[PDB]
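Taking the form deposited in one PDB entry, here's one chain by itself in structure tokens.
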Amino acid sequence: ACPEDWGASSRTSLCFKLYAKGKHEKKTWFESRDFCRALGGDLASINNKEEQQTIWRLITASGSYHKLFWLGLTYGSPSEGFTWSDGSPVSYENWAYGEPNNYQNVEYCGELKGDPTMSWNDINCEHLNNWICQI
């Protein structure tokens, strides 16, 4: 069962929470990771299409589309490439077309574009974004 406002009460329920913020309250990737971890969770990992649908439905309910959200995607060592901050393997992927492209060699964190495609993009970790936590 999820905490109230994070999901449903069944044993199979996945718990995610959107943090959509105005520009003065958006956070860098590291700030967002630390925020979710302080609650006992982490930035959201998306391990399968079911979790993707769960998050998309939260976005539809929020009424705001096209927003960019930090996910738990962070580059590891050169041999690893992208990892999830929660330690789970990056197996399921939904990178946008041509991504990750490490544009200008400075893109080491992953964001979700909150439109129906639910696609991922690598971007500069110091950008200020909305974020999604999991617990």
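Residues that one form lacks are left out of the comparison. The numbering used is simple: start at 1 and walk along the sequence shown. Note that the rigid core is defined as the largest set of C-alphas that superpose within 1.5 Å between two forms.
The following text describes the form deposited in another entry, which does not appear among the structures shown.
Enquirer: Tell me, with the core superposed, which single residue in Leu58, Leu39, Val106, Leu68 has its C-alpha moved by at least 2 Å between the shown form and the other one.
Expert: Result of the superposition: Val106 is the only one at 2 Å or more.
Enquirer: My question is whether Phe30 is one of the residues whose C-alpha shifts by 2 Å or more between the shown form and the other one, given a fit on the rigid core.
Expert: No: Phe30 shifts by under 2 Å between the shown form and the other one.
Enquirer: If I superpose the two forms on their rigid core, does the C-alpha of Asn48 end up displaced by 2 Å or more between the shown form and the other one?
Expert: No, shifts by less than 2 Å.
Enquirer: Relative to what's shown here, the Cα pair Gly41 and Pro100 differs by 3 Å or more in the other entry. Does it come closer or drift farther?
Expert: Farther: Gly41 and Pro100 separate by 3 Å or more in the other entry.
Enquirer: Kindly indicate if, in the other entry, the C-alpha atoms of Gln104 and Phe30 are closer or farther apart than in the structure shown, bearing in mind the change is 3 Å or more.
Expert: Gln104 and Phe30 sit closer together in the other entry.
Enquirer: Can you list the runs of 3 or more residues whose CA atoms move by 2 Å or more between the shown form and the other one, with the rigid core superposed?
Expert: CA shift runs, sequence order: 7-10, 81-107.
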